[PDB]
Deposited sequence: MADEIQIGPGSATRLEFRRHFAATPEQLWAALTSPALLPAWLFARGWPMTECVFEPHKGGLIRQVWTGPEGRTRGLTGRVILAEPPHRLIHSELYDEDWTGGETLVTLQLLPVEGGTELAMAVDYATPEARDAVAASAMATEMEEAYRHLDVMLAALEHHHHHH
């Protein structure tokens, strides 16, 4: 299951195993047609998804909850080495602009996803540690597990 890493005063780390070849996991983590099918929280399906996994690429995501209100984020792909590494910035609407790092290394069983998020300040890293973000992000991986298996 999902392991919290040590990180630092402005950095959060996560690691998770996935039963699939990194080539499949990368397609899941970067495709606009597959991301909506797993990366969402309870009652907030992904309604808009623009993802371009190449330097300078645009990232635009929007979730719509019950009642109609939205929540979204924009970011830019800084670099992309399929399938082992991807770096992009993220900015919702908060904390401040964040830099997210995804590293995919083959492990026995399938693939291990190492993720890191560098925050603006150490207090921005604060407000976020107090968010069911870790929780929601495991609920999402669980979704991803079911999708990989159904494939």
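- No C-alpha positions are given for the deposited-sequence stretches 1-3, 97-99, 158-164.
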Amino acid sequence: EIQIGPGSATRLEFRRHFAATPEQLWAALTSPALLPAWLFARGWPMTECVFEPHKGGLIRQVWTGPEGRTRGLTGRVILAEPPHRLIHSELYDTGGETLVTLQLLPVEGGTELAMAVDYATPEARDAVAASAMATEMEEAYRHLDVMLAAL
From here on, numbers count along this sequence of modelled residues.
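- Higher mean CA temperature factor between 7-15 and 138-146: 7-15, per the PDB entry.
- Averaged over Cα atoms, the B-factor as recorded in the entry is higher for 103-111 than for the other of 27-35 and 103-111.
- The top Cα temperature factor in the record, among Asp126, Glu48, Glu52, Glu90, falls on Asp126.
- Considering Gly65, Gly95, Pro82, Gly56 together, the PDB entry gives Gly95 the largest C-alpha B factor.
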